[PDB]
């Protein structure tokens, strides 16, 4: 009853973030997304995240990776811009300098897909975190072994300037490790753990991936989003049915679409889309909660694309099948409803 009303309401707020396809927009204004990862043999995950982002709607998707992984990733698609700049035969300052150059052309950096845990790549991600901190209009999505870095040095996300702009997407074990680091007692109420962790990490937005996804920034969900004399819940729960085939890169589809929605919503609040009929929202609660809306919309989208792929492929489904279906499922969840709602060609 009220749960489907609330789900539809929050999804419509996420849809409000999406710029119209419009003659006055030029290349880049609908999102420049980067993926930092691709170490050694781990070249699938950064492809799934970056190509997922491109098929979802980024104008430009970049991969920032090691040379060996980058050579493979480039063969998967000429549309990806692959920067093989995380060369372990390069000085740390030379890597900082190259990373800063690429990052200065990004709206959002997804840290983690194929990152691994070795010292070189963990240092590269830490440099990326440090640079993104000081680029006040940069958003960050952190996944996979990017979250290994956060659990080892939580300060890399704590105390950032500008609007909040960080989304973490831990699986079950990554979530447990983050909770352990931040002294969050596992015996607490199940739906209170993610809000406590987000609070402990400075109100970053966290997608606690699970049978359902629990999404929180540790703050009550303001009246603009959550649906009496009681306080608004401090978490949202996505129970959208996904598919049953567990593909290895499902989480990279999530991070890529999360990054795009984060970029769109952040540019929206900044005013970039005002001249094409999408002015920023009046409500400051919406501005403060862009990462929650991006996370909620991406979680919803990710489950739906998993479901639609599974309906098509069944037991045989692999993550690569989902990449081909991102576009048609985007039209289902966001594009056609938004156009019919009068938001323009979404």
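Positions refer to the first chain, counted from 1.
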Enter the number of deposited residues without atomic coordinates between residue 227 and residue 228, binned as none, 1 to 3, 4 to 9, or 10 or more. 1 to 3
Regarding 35 to 43 and 282 to 290, which shows the higher C-alpha temperature factor on average in the entry? 282 to 290
Quick one: say whether 181 to 189 or 133 to 141 has the higher mean Cα B-factor in the deposited entry. 181 to 189
Name the one of 118, 79, 241, 252 with the greatest CA B-factor according to the PDB entry. 118
One of 83, 245, 96, 107 has the largest Cα B-factor in the entry, namely 96
Chain thirds by Cα B factor, record data; residue 206 belongs to the lowest
Based on the deposited C-alpha B factors for this chain, I'd like to know if residue 274 is in the lowest, middle or highest third. middle
Could you place residue 23 in the lowest, middle or highest third of its chain by Cα temperature factor, using the values in the record? highest
Which third of the chain holds residue 160 when residues are ordered by C-alpha B factor: lowest, middle or highest? highest
Sorting by Cα B-factor within the chain, modelled residues only, which third would residue 74 end up in: lowest, middle or highest? lowest
